[PDB]
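In what follows, a structure is listed as structure tokens, so that the remarks can point back to it.
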Amino acid sequence: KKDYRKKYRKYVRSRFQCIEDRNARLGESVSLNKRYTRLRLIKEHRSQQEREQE
Amino acid sequence: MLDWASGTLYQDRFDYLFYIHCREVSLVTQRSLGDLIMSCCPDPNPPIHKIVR
Amino acid sequence: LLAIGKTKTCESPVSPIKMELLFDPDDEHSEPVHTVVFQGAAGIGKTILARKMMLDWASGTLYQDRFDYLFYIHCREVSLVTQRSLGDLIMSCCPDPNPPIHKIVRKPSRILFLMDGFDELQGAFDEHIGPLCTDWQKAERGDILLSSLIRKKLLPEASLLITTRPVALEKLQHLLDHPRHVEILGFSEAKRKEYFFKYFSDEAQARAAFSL
Amino acid sequence: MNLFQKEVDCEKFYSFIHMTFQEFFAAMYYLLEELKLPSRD
Ligand SMILES: Nc1ncnc2c1ncn2[C@@H]1O[C@H](COP(=O)(O)OP(=O)(O)OP(O)(O)=S)[C@@H](O)[C@H]1O
Ligand SMILES: [Mg+2]
């Protein structure tokens, strides 16, 4: 017994929880759950006239 | 990646989301899928003959 | 700069940071930090603070849990040309013909790698050494092993702590894994008049010594 | 090397440990014996 899934999940959750900005002096990371909004995703159907008008 | 790790999406389906940045991965030397899975898997040896099974 | 030069004697209390929970996660349900960076002026207390942490841990006054192998590693002493392997770097700070490494390093979740004087090697980091070992039983080349340890290739889940003069910052920021750093200041206003009472024998000495 | 971030990126802005220390170093410049810095008069 060794749920390596559990260990890998812990490691990834530890390593992927902070987002350093471009101008981030040492130790100024920000939590993703704080500074992460939700974008817009669409199954692309963008025509030429549609793109130009956009 | 973080949501999966916390268990907020893709609880089933898959459990080994191996992030692989393209810029970091230079393509000349010897990159083997074993090493590409080790890099994003902290251990002296991650079980590959079991992960990739 | 200017005020502290003048007197900086005005009442300016602040909220202090503790030492036992320096590695605890920011919130309460996040992930614990795996790197801290003490930074302060030259000769301000980095090495003495590292020694204090080591001795307090040994006596069992902090970090009773968490980790139990705080391997002090001075930077100046560790020359980087020859063959430094993590096995030897753990033996050096471990008095024995052979310390159990295949057992000590088998739980990198419980370790600390206290370092010191990373300004001793600013010059040393210039070209990104392509070989980044990930094993503790290899001839790791020294400086390459140090860079791998800093980047968390060796024992990637082994906690760390780096003291350093503010002389690199930038070049260092390309190697740290989002580390929570702490700036050191010194004795504030009363810590001085308490330091005199620890350096000098009695009140008869200390009072006049301080007043002078 | 205290680095200050402005706008989008941070710059070096080297500084002395303290103004009195810098003044002492200026005095040492004058005392010690040898673009141009202030005339050693
Ligand atoms: N916690 C402390 N309390 C009282 N005195 C201290 C303390 N820490 C350091 N000192 C004094 O400061 C001296 C050096 O302190 P350190 O912080 O070791 O200097 P240092 O920063 O190691 O020198 P560098 O910058 O690494 S070349 C010691 O010899 C002590 O006398
Ligand atoms: Mg020091």
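Every number in this text was worked out from the coordinates using simple rules, so none of it is lab data. All Cβ positions, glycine included, derive from the backbone under ideal geometry; neighbour counts span all protein chains shown.
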Only one of these is in contact with a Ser or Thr (Cβ under 9 Å, 6 or more places away or on another chain) and either within 18 Å of C:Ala42 (Cβ to Cβ) or surrounded by fewer than 10 Cβ atoms within 10 Å (Cβ to Cβ) (or both): D:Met19, D:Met1. Name it.
D:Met1
Looking at region C:31-63, which of the residues that are in contact with a helix residue (DSSP H, G or I) (Cβ under 8 Å, 6 or more places away or on another chain) and closer than 13 Å to C:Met19 by Cβ is farthest from ligand 1 (Cβ to nearest atom)?
C:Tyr63
Of everything in region A:14-42, what is among the basic types (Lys, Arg), under 28 Å from C:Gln39 (Cβ atoms) and within 14 Å of the chain's Cα centre (by Cα)? Give them in sequence order.
A:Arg15, A:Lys34, A:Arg35
(1) in contact with a helix residue (DSSP H, G or I) (Cβ under 9 Å, 6 or more places away or on another chain); (2) over 27 Å from C:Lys171 (Cβ atoms); (3) aromatic (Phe, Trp, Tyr) all hold for D:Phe16 apart from (2)
Exactly one condition in (1) on the phi > 0 side of the Ramachandran plot; (2) in contact with a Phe, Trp or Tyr (Cβ under 8 Å, 6 or more places away or on another chain); (3) more than 14 Å from chain B (Cβ to nearest Cβ) is false for C:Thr164; which is it?
(1)
Would you pick out the residues in region C:1-59 that are closer than 24 Å to D:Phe21 by Cβ and charged (D, E, K, R)?
C:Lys6, C:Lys8, C:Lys46
In region C:4-52, what residues are of a type in the set (A, V, I, L, M, F, W, C) and either within 16 Å of ligand 2 (Cβ to nearest atom) or farther than 30 Å from C:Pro156 by Cβ (or both)?
C:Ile4, C:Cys10, C:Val14, C:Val36, C:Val37, C:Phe38, C:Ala41, C:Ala42, C:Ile44, C:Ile48, C:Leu49, C:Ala50
Inter-residue pairs, beta-carbon under 8 Å, first within 18 Å of D:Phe4 (Cα to Cα) and in region C:153-178, second of a type in the set (S, T, N, Q) and within 14 Å of ligand 1 (Cβ to nearest atom), 6+ apart
C:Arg165/C:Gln39; C:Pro166/C:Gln39; C:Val167/C:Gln122; C:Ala168/C:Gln122; C:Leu169/C:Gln39; C:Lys171/C:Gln122; C:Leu172/C:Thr164
Just checking, does region D:11-30 include any residue being more than 14 Å from chain A (Cβ to nearest Cβ) and more than 29 Å from C:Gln122 (Cα to Cα)?
yes
Give me the residue from region C:54-79 that is touching an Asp or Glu at 6+ places or on another chain (Cβ under 6 Å) and surrounded by fewer than 18 Cβ atoms within 10 Å (Cβ to Cβ) and, out of that set, farthest from C:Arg110 (Cα to Cα).
C:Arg76
